[PDB]
Amino acid sequence: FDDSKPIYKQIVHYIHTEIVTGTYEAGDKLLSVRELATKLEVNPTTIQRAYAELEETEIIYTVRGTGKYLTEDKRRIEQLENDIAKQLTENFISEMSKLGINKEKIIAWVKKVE
Amino acid sequence: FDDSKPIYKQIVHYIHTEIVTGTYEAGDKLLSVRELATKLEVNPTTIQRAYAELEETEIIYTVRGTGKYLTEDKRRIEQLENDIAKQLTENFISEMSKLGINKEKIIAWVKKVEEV
Numbered sequence: 003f004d005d006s007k008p009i010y011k012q013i014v015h016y017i018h019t020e021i022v023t024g025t026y027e028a029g030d031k032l033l034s035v036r037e038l039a040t041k042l043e044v045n046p047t048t049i050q051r052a053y054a055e056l057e058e059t060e061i062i063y064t065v066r067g068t069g070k071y072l073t074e075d076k077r078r079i080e081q082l083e084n085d086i087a088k089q090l091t092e093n094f095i096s097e098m099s100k101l102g103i104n105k106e107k108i109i110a111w112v113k114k115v116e
Numbered sequence: 003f004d005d006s007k008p009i010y011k012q013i014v015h016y017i018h019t020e021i022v023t024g025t026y027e028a029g030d031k032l033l034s035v036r037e038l039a040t041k042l043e044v045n046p047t048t049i050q051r052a053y054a055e056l057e058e059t060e061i062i063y064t065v066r067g068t069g070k071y072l073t074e075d076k077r078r079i080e081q082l083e084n085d086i087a088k089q090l091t092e093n094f095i096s097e098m099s100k101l102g103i104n105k106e107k108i109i110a111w112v113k114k115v116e117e118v
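In order, the protein sequences belong to chains B and A. Reminder that position 16 of the first sequence reads as 18 in the authors' numbering, one-by-one numbering, no gaps. Reminder that position 73 of the second sequence reads as 75 in the authors' numbering, one-by-one numbering, no gaps.
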């Protein structure tokens with residue numbers, strides 16, 4: 003993880019990435035707070051904070067005494083991918099546009115770069 | 003400006019932007035350290051550092067006791083645009099790729115996105 007930004011935000015994005023890539027499928031059981039903290043060498047508090055954010059946004063559910071589960075709702079997962087990809091893309095087009103590069107040339111750049 | 007990342011590098015990027023868009027045209031006289039510090043409301047020592055980096059990379063030059071100027075070398079300014087665009091594009095492709103989105107679908111995203 004990147005030294006400068008807060009770790010919990012990077013944990014949220016790490017879990018988001020596991021979801022969007024289908025590492026976890028809808029309904030799958032996630033690692034416990036302690037299991038993930040250990041795996042990543044991160045404070046359990048930080049993991050609990052990231053898990054709290056994921057639950058508030060209806061991505062994951064806590065089953066008291068058993069663990070945390072990925073949403074069963076495939077639409078919610080689709081919405082997560084869409085939201086993340088749309089923001090990355092908007093930001094990219096914004097930054098390219100600030101340099102004067104038109105959409106056709108933006109597309110050219112994306113095609114070119116491996 | 004973002005107080006998470008060095009300020010002089012953000013000023014370098016701001017100037018680079020004015021350069022790549024032709025707001026400053028090749029050979030043009032630039033604002034003085036003082037003029038720019040006021041316009042951006044930043045510490046002049048930050049502008050000095052940004053101007054130093056621009057001079058080291060041959061983007062600007064100094065005519066002592068007249069001012070600072072943008073390079074008149076068009077290829078240099080083309081190379082600046084290429085460098086910035088390449089990095090932006092590599093970073094974007096990397097982040098999208100990490101999500102499991104393939105190149106074709108990255109292209110489709112770029113084409114469909116409502117530009118804000």
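Backbone N, C-alpha and C fix where the C-beta goes; we use that ideal spot for every residue, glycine too.
Item                                                                                                                                                                                  : Value
Between which two residues does the beta strand (DSSP E) containing residue 71 of chain A stretch?                                                                                    : 69-72
Could you pull out every unbroken alpha helix (DSSP H) segment of at least 4 residues lying fully inside the segment 68-102 of chain B, listed in chain order?                        : 76-100
Reducing DSSP to helix, strand and coil, say where residue 63 of chain B ends up.                                                                                                     : strand
Using CA coordinates, which residue listed in B:5, B:7, B:4, B:19 is at the minimum distance from residue 97 of chain A?                                                              : B:19
At least one CB of chain A closer than 9 Å to the CB of residue 3 of chain B: is that the case?                                                                                       : no
Please classify residue 41 of chain A: does DSSP put it in a helix, a strand, or coil?                                                                                                : helix
Using the three-state DSSP reduction, which class does residue 31 of chain B fall into: helix, strand or coil?                                                                        : strand
From the DSSP output, in three-state form, read off residue 118 of chain A for me.                                                                                                    : coil
When you compare only the Cα positions, how much space is there between residue 75 of chain B and residue 58 of chain B?                                                              : 15 Å
Please report the straight-line C-alpha distance between residue 77 of chain A and residue 101 of chain B, rounded to a whole angstrom.                                               : 16 Å
Cα separation between residue 56 of chain B and residue 26 of chain B?                                                                                                                : 14 Å
How big is the Cα-Cα spacing for residue 142 of chain B and residue 65 of chain A?                                                                                                    : The first residue shown for chain B is 3 and the last is 116, placing residue 142 of chain B beyond what the model contains.
Kindly give me the distance between the Cβ atoms of residue 71 of chain A and residue 24 of chain A, rounded to whole angstroms, as I take these residues to be in contact under 8 Å. : That pair is no contact at about 15 Å.
Would you mind telling me which residues of chain A sit closer than 7 Å to residue 22 of chain B, beta carbon to beta carbon, in chain order?                                         : 101, 102
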